[PDB]
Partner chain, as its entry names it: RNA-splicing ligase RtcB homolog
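A single chain, nothing else alongside it, follows as structure tokens in the form solved without the partner chain.
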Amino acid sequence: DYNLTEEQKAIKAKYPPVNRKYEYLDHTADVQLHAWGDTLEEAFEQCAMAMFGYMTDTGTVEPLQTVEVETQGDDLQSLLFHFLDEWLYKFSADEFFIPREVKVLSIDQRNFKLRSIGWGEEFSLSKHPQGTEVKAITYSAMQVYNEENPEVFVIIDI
């Protein structure tokens, strides 16, 4: 939860809220993200939105521009890692993109390939509430469950 300007509240009211299927467990130097959904694809996209949700109130981001992230791994855990790593790099460099919403179109469970898409705009300290900088994705405790109730767990450094 953040404190919003009047302008930020107005943008949040103009766009549909994103359903939140994630939660945080805070520690001194890192945070565990837990995300879930009806599909593994939904658990992945919720994990990405949980990550960006730690940096700002993504409800205040306008869905002006579209950005695609495609990636591969050697298993589902490393696929998740590189998926989050690539989205974090879209934010931290180049176009400094912050997604309001992320969608995972497909995960190839055989080859560990993924296609995803996000809608958003350039991050800006004046338009977007300041949250906490995500310094890195860590790989020490990736967890992926891909049975009846898909869910993922990841630790990010702050």
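Shifts are known only where both forms have a C-alpha. Positions refer to the first chain, counted from 1. Superpose the two forms; the largest set of C-alphas matching within 1.5 Å is the rigid core.
Between 124-132 and 96-104, it is 124-132 that carries the larger average Cα temperature factor according to the deposited entry. Annotation for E151: CA B-factor lies in the lowest third of the chain's modelled residues.
In the PDB entry, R110 places in the highest third of its chain by CA B-factor. Annotation for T60: C-alpha temperature factor in the middle third relative to the rest of the modelled chain, per the entry. Sort the modelled residues of the chain by CA B factor and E41 lands in the lowest third.
Sorting the modelled residues of the chain by their CA temperature factor places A10 in the highest third.
As for the form solved in complex with the partner chain, it is not shown, yet the points below apply to it.
Contact with the partner chain in the deposited complex, judged as any non-hydrogen atom within 4.5 angstroms, is confined among 22-30, 59-67, 39-47, 105-113 to 22-30. Not one of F83, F97 and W119 places a heavy atom within 4.5 Å of the partner chain in the deposited complex. Interface membership of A10, defined by any non-hydrogen atom within 4.5 Å of the partner chain in the deposited complex, is ruled out. Though the partner is left out of this view, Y15 does not reach within 4.5 Å of the partner chain in the deposited complex, counting heavy atoms only.
Taking the partner from elsewhere, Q130 is found to have a heavy atom lying within 4.5 Å of the partner chain in the deposited complex. The closest non-hydrogen atom of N146 lies beyond 4.5 Å of the partner chain in the deposited complex. In a rigid core superposition between the shown form and the other one, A29 is the single residue of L125, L64, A29, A93 whose Cα is displaced by 2 Å or more. Legend: core-fitted overlay between the shown form and the other one; highlighted is 26-29, the single run of at least 3 consecutive residues with CA shifts of 2 angstroms or more.
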